[PDB]
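Asks: So I've got this file, protein.cif, and it contains mmCIF, C-alpha atoms:
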data_target
#
loop_
_atom_site.label_atom_id
_atom_site.label_comp_id
_atom_site.auth_asym_id
_atom_site.auth_seq_id
_atom_site.Cartn_x
_atom_site.Cartn_y
_atom_site.Cartn_z
CA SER A 1 -8.79 6.07 23.12
CA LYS A 2 -11.46 6.61 20.42
CA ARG A 3 -9.73 8.91 17.89
CA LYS A 4 -11.69 8.82 14.60
CA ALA A 5 -9.90 11.44 12.44
CA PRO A 6 -11.76 13.69 9.91
CA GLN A 7 -12.32 12.74 6.24
CA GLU A 8 -9.44 14.06 4.09
CA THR A 9 -7.59 13.20 0.85
CA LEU A 10 -4.06 12.28 2.01
CA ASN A 11 -3.22 8.64 1.20
CA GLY A 12 -6.68 7.16 0.52
CA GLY A 13 -5.78 6.49 -3.16
CA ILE A 14 -3.00 3.98 -2.45
CA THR A 15 -5.04 1.90 0.03
CA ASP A 16 -7.74 1.73 -2.68
CA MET A 17 -5.23 -0.16 -4.88
CA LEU A 18 -4.00 -2.36 -1.99
CA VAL A 19 -7.50 -3.19 -0.72
CA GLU A 20 -8.70 -4.01 -4.26
CA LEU A 21 -5.82 -6.33 -5.24
CA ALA A 22 -5.89 -7.60 -1.61
CA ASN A 23 -9.28 -9.17 -2.41
CA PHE A 24 -7.65 -10.77 -5.47
CA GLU A 25 -5.20 -12.45 -3.06
CA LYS A 26 -7.70 -14.12 -0.70
CA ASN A 27 -10.22 -14.58 -3.56
CA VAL A 28 -7.48 -16.66 -5.25
CA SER A 29 -6.42 -20.12 -3.98
CA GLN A 30 -2.62 -19.88 -3.49
CA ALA A 31 -2.43 -16.16 -2.57
CA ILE A 32 -2.69 -15.92 1.24
CA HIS A 33 0.95 -14.81 1.81
CA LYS A 34 0.61 -11.77 -0.50
CA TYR A 35 -2.91 -11.27 0.98
CA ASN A 36 -1.60 -10.02 4.37
CA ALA A 37 0.98 -8.02 2.33
CA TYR A 38 -1.53 -5.41 1.10
CA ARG A 39 -3.99 -6.13 3.96
CA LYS A 40 -1.60 -4.60 6.54
CA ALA A 41 0.00 -2.00 4.23
CA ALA A 42 -3.53 -0.93 3.18
CA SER A 43 -4.64 -0.54 6.82
CA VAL A 44 -1.55 1.39 8.01
CA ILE A 45 -1.45 3.68 4.93
CA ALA A 46 -5.26 4.09 5.04
CA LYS A 47 -5.21 5.06 8.76
CA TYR A 48 -1.82 6.85 8.89
CA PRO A 49 -1.77 10.29 10.66
CA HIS A 50 0.84 11.63 8.19
CA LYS A 51 1.85 11.45 4.50
CA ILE A 52 4.79 9.69 2.79
CA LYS A 53 7.02 10.60 -0.18
CA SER A 54 9.27 7.52 -0.56
CA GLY A 55 9.14 3.70 -0.39
CA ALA A 56 11.20 3.89 2.83
CA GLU A 57 8.41 5.89 4.53
CA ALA A 58 6.14 2.88 3.85
CA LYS A 59 8.63 0.27 5.14
CA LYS A 60 9.04 2.01 8.54
CA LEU A 61 5.28 1.45 9.05
CA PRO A 62 4.42 -1.57 11.31
CA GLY A 63 2.99 -4.31 9.07
CA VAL A 64 4.61 -3.32 5.75
CA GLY A 65 7.68 -5.31 4.61
CA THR A 66 9.99 -4.85 1.59
CA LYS A 67 7.65 -6.38 -1.03
CA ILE A 68 4.63 -4.10 -0.40
CA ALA A 69 6.91 -1.15 0.52
CA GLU A 70 8.64 -1.62 -2.87
CA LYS A 71 5.31 -1.04 -4.66
CA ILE A 72 4.87 2.17 -2.63
CA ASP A 73 8.13 3.59 -4.05
CA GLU A 74 6.77 2.99 -7.58
CA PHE A 75 3.76 5.12 -6.53
CA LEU A 76 5.77 8.11 -5.30
CA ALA A 77 8.40 7.62 -8.04
CA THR A 78 6.34 7.92 -11.26
CA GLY A 79 3.14 5.81 -11.26
CA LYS A 80 3.28 3.64 -14.41
CA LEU A 81 5.81 2.63 -17.10
CA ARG A 82 5.92 0.31 -20.14
CA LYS A 83 9.65 -0.02 -20.96
CA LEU A 84 12.82 0.84 -19.00
CA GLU A 85 15.32 3.66 -19.69
CA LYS A 86 19.14 3.72 -19.93
#
Output the structure of this file as structure tokens.
Replies:
Amino acid sequence: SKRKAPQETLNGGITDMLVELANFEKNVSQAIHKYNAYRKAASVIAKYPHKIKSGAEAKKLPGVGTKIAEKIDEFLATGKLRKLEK
């Protein structure tokens, strides 16, 4: 019904990483399956009316599966890592 929310900084940083790599999927030859992966997760997280704090909050979204949702958990968890811990 014509919503158009206001500009705000909620989850516009994640979609920037899903929309960027998303181009790397279609721009590549055999990468159309992972293409829709970030294409949908980038649209739902970029136009979501709320925020998330766990990979599960990204899986409940319509369009995100377990692969893309798994990357979301790494975002809310820490952000980057070189080696593992024990």
Asks: Just to confirm, what's the straight-line distance from atom CA of residue 15 of chain A to atom CA of residue 45 of chain A in Å (one decimal)?
Replies: 6.3 Å
Asks: Suppose a student applies the PyMOL selection byres ((chain A and resi 17) around 12) to this structure; what residues should they get, written as a PyMOL selection string?
Replies: chain A and resi 11-16+18-24+38-39+41-43+45-46+68+71-72+75
Asks: Restricted to C-alpha atoms, what would the selected residues look like written as a tab-separated table (two decimals), in the frame of the given file?
Replies:
chain	number	residue	atom	x	y	z
A	11	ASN	CA	-3.22	8.64	1.20
A	12	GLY	CA	-6.68	7.16	0.52
A	13	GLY	CA	-5.78	6.49	-3.16
A	14	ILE	CA	-3.00	3.98	-2.45
A	15	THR	CA	-5.04	1.90	0.03
A	16	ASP	CA	-7.74	1.73	-2.68
A	18	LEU	CA	-4.00	-2.36	-1.99
A	19	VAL	CA	-7.50	-3.19	-0.72
A	20	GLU	CA	-8.70	-4.01	-4.26
A	21	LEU	CA	-5.82	-6.33	-5.24
A	22	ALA	CA	-5.89	-7.60	-1.61
A	23	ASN	CA	-9.28	-9.17	-2.41
A	24	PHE	CA	-7.65	-10.77	-5.47
A	38	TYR	CA	-1.53	-5.41	1.10
A	39	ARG	CA	-3.99	-6.13	3.96
A	41	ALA	CA	0.00	-2.00	4.23
A	42	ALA	CA	-3.53	-0.93	3.18
A	43	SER	CA	-4.64	-0.54	6.82
A	45	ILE	CA	-1.45	3.68	4.93
A	46	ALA	CA	-5.26	4.09	5.04
A	68	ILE	CA	4.63	-4.10	-0.40
A	71	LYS	CA	5.31	-1.04	-4.66
A	72	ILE	CA	4.87	2.17	-2.63
A	75	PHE	CA	3.76	5.12	-6.53
Asks: What is the atom CA of residue 76 of chain A to atom CA of residue 54 of chain A distance in Å?
Replies: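 Distance reported for this atom pair: 5.9 Å.
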Asks: Mind giving me the straight-line distance from atom CA of residue 58 of chain A to atom CA of residue 81 of chain A in Å, one decimal?
Replies: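 Result for atom CA of residue 58 of chain A versus atom CA of residue 81 of chain A: 21.0 Å, one decimal.
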Asks: For residue 55 of chain A, list every protein, DNA or RNA residue within 7 Å, evaluated using only C-alpha atoms, and leave out those in the same chain fewer than 2 positions away; present the list as an NGL selection string.
Replies: :A and (57-59 or 69-70 or 72-73)
Asks: Taking C-alpha atoms for each residue, export the selection above as a PDB file, in the coordinates of the input.
Replies:
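What landed in again-v8.pdb:
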ATOM      1  CA  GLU A  57       8.410   5.890   4.530  1.00  0.00           C
ATOM      2  CA  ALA A  58       6.140   2.880   3.850  1.00  0.00           C
ATOM      3  CA  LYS A  59       8.630   0.270   5.140  1.00  0.00           C
ATOM      4  CA  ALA A  69       6.910  -1.150   0.520  1.00  0.00           C
ATOM      5  CA  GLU A  70       8.640  -1.620  -2.870  1.00  0.00           C
ATOM      6  CA  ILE A  72       4.870   2.170  -2.630  1.00  0.00           C
ATOM      7  CA  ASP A  73       8.130   3.590  -4.050  1.00  0.00           C
TER       8      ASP A  73
END
Asks: Do a neighbour search on residue 36 of chain A at 9 Å with all atoms listed in the file, toss out local chain neighbours closer than 4 positions, and write the hits as a short mmCIF file (atom, residue, chain, number, x, y, z; two decimals) with C-alpha atoms, in the coordinates of the input.
Replies:
data_model
loop_
_atom_site.label_atom_id
_atom_site.label_comp_id
_atom_site.auth_asym_id
_atom_site.auth_seq_id
_atom_site.Cartn_x
_atom_site.Cartn_y
_atom_site.Cartn_z
CA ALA A 22 -5.89 -7.60 -1.61
CA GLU A 25 -5.20 -12.45 -3.06
CA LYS A 26 -7.70 -14.12 -0.70
CA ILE A 32 -2.69 -15.92 1.24
CA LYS A 40 -1.60 -4.60 6.54
CA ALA A 41 0.00 -2.00 4.23
CA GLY A 63 2.99 -4.31 9.07
#
Asks: Given all atoms listed in the file as the basis, pick out the residue of A:86, A:51, A:65, A:79 nearest to residue 8 of chain A.
Replies: A:51
Asks: As an mmCIF file, keeping the file's coordinate frame, could you write out segment 21-47 of chain A once it has been completed with N, CA, C and O atoms?
Replies:
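Here's the written file result.cif:
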data_model
loop_
_atom_site.group_PDB
_atom_site.id
_atom_site.type_symbol
_atom_site.label_atom_id
_atom_site.label_comp_id
_atom_site.auth_asym_id
_atom_site.auth_seq_id
_atom_site.Cartn_x
_atom_site.Cartn_y
_atom_site.Cartn_z
ATOM 1 N N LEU A 21 -6.639 -5.129 -4.898
ATOM 2 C CA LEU A 21 -5.820 -6.330 -5.240
ATOM 3 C C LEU A 21 -5.798 -7.279 -4.036
ATOM 4 O O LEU A 21 -5.715 -8.483 -4.185
ATOM 5 N N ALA A 22 -5.889 -6.740 -2.840
ATOM 6 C CA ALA A 22 -5.890 -7.600 -1.610
ATOM 7 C C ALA A 22 -7.013 -8.632 -1.727
ATOM 8 O O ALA A 22 -6.846 -9.788 -1.385
ATOM 9 N N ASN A 23 -8.150 -8.222 -2.232
ATOM 10 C CA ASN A 23 -9.280 -9.170 -2.410
ATOM 11 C C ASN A 23 -8.871 -10.223 -3.433
ATOM 12 O O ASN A 23 -9.211 -11.385 -3.326
ATOM 13 N N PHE A 24 -8.119 -9.813 -4.422
ATOM 14 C CA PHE A 24 -7.650 -10.770 -5.470
ATOM 15 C C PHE A 24 -6.724 -11.809 -4.832
ATOM 16 O O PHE A 24 -6.576 -12.902 -5.342
ATOM 17 N N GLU A 25 -6.107 -11.481 -3.728
ATOM 18 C CA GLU A 25 -5.200 -12.450 -3.060
ATOM 19 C C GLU A 25 -6.032 -13.531 -2.368
ATOM 20 O O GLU A 25 -5.939 -14.703 -2.683
ATOM 21 N N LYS A 26 -6.848 -13.136 -1.426
ATOM 22 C CA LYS A 26 -7.700 -14.120 -0.700
ATOM 23 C C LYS A 26 -8.676 -14.778 -1.679
ATOM 24 O O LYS A 26 -8.900 -15.973 -1.636
ATOM 25 N N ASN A 27 -9.257 -14.004 -2.564
ATOM 26 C CA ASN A 27 -10.220 -14.580 -3.560
ATOM 27 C C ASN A 27 -9.530 -15.675 -4.379
ATOM 28 O O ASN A 27 -10.174 -16.556 -4.914
ATOM 29 N N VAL A 28 -8.224 -15.628 -4.473
ATOM 30 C CA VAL A 28 -7.480 -16.660 -5.250
ATOM 31 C C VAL A 28 -7.128 -17.818 -4.296
ATOM 32 O O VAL A 28 -7.218 -17.688 -3.089
ATOM 33 N N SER A 29 -6.750 -18.948 -4.837
ATOM 34 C CA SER A 29 -6.420 -20.120 -3.980
ATOM 35 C C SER A 29 -5.046 -19.946 -3.314
ATOM 36 O O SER A 29 -4.952 -19.774 -2.114
ATOM 37 N N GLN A 30 -3.985 -20.013 -4.080
ATOM 38 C CA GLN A 30 -2.620 -19.880 -3.490
ATOM 39 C C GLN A 30 -2.180 -18.409 -3.465
ATOM 40 O O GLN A 30 -1.262 -18.013 -4.161
ATOM 41 N N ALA A 31 -2.819 -17.600 -2.656
ATOM 42 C CA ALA A 31 -2.430 -16.160 -2.570
ATOM 43 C C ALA A 31 -2.740 -15.625 -1.170
ATOM 44 O O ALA A 31 -3.270 -14.539 -1.015
ATOM 45 N N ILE A 32 -2.416 -16.379 -0.150
ATOM 46 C CA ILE A 32 -2.690 -15.920 1.240
ATOM 47 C C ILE A 32 -1.457 -15.185 1.796
ATOM 48 O O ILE A 32 -1.573 -14.332 2.651
ATOM 49 N N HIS A 33 -0.285 -15.505 1.309
ATOM 50 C CA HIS A 33 0.950 -14.810 1.810
ATOM 51 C C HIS A 33 0.918 -13.358 1.314
ATOM 52 O O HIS A 33 1.084 -12.426 2.084
ATOM 53 N N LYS A 34 0.682 -13.160 0.042
ATOM 54 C CA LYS A 34 0.610 -11.770 -0.500
ATOM 55 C C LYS A 34 -0.665 -11.088 0.014
ATOM 56 O O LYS A 34 -0.765 -9.874 0.031
ATOM 57 N N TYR A 35 -1.639 -11.860 0.451
ATOM 58 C CA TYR A 35 -2.910 -11.270 0.980
ATOM 59 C C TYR A 35 -2.575 -10.335 2.155
ATOM 60 O O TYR A 35 -2.854 -9.152 2.115
ATOM 61 N N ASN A 36 -1.969 -10.862 3.191
ATOM 62 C CA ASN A 36 -1.600 -10.020 4.370
ATOM 63 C C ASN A 36 -0.685 -8.876 3.917
ATOM 64 O O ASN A 36 -0.657 -7.817 4.514
ATOM 65 N N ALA A 37 0.059 -9.087 2.857
ATOM 66 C CA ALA A 37 0.980 -8.020 2.330
ATOM 67 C C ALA A 37 0.231 -6.692 2.185
ATOM 68 O O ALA A 37 0.553 -5.708 2.822
ATOM 69 N N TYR A 38 -0.755 -6.667 1.333
ATOM 70 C CA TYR A 38 -1.530 -5.410 1.100
ATOM 71 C C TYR A 38 -2.567 -5.211 2.210
ATOM 72 O O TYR A 38 -3.000 -4.102 2.460
ATOM 73 N N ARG A 39 -2.972 -6.266 2.871
ATOM 74 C CA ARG A 39 -3.990 -6.130 3.960
ATOM 75 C C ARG A 39 -3.433 -5.223 5.068
ATOM 76 O O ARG A 39 -4.114 -4.343 5.560
ATOM 77 N N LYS A 40 -2.204 -5.440 5.462
ATOM 78 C CA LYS A 40 -1.600 -4.600 6.540
ATOM 79 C C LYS A 40 -1.151 -3.257 5.965
ATOM 80 O O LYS A 40 -1.415 -2.214 6.533
ATOM 81 N N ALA A 41 -0.473 -3.274 4.845
ATOM 82 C CA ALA A 41 0.000 -2.000 4.230
ATOM 83 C C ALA A 41 -1.200 -1.123 3.862
ATOM 84 O O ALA A 41 -1.114 0.091 3.860
ATOM 85 N N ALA A 42 -2.318 -1.729 3.551
ATOM 86 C CA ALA A 42 -3.530 -0.930 3.180
ATOM 87 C C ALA A 42 -4.169 -0.360 4.445
ATOM 88 O O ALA A 42 -4.782 0.690 4.414
ATOM 89 N N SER A 43 -4.037 -1.043 5.554
ATOM 90 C CA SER A 43 -4.640 -0.540 6.820
ATOM 91 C C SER A 43 -3.764 0.554 7.427
ATOM 92 O O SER A 43 -4.255 1.561 7.901
ATOM 93 N N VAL A 44 -2.469 0.362 7.423
ATOM 94 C CA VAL A 44 -1.550 1.390 8.010
ATOM 95 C C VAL A 44 -1.546 2.648 7.130
ATOM 96 O O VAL A 44 -1.603 3.755 7.630
ATOM 97 N N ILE A 45 -1.469 2.488 5.832
ATOM 98 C CA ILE A 45 -1.450 3.680 4.930
ATOM 99 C C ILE A 45 -2.845 4.310 4.864
ATOM 100 O O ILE A 45 -2.982 5.492 4.610
ATOM 101 N N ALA A 46 -3.877 3.535 5.089
ATOM 102 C CA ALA A 46 -5.260 4.090 5.040
ATOM 103 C C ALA A 46 -5.608 4.769 6.375
ATOM 104 O O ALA A 46 -6.507 5.586 6.443
ATOM 105 N N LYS A 47 -4.909 4.437 7.434
ATOM 106 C CA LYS A 47 -5.210 5.060 8.760
ATOM 107 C C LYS A 47 -3.950 5.749 9.300
ATOM 108 O O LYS A 47 -3.785 5.900 10.496
#
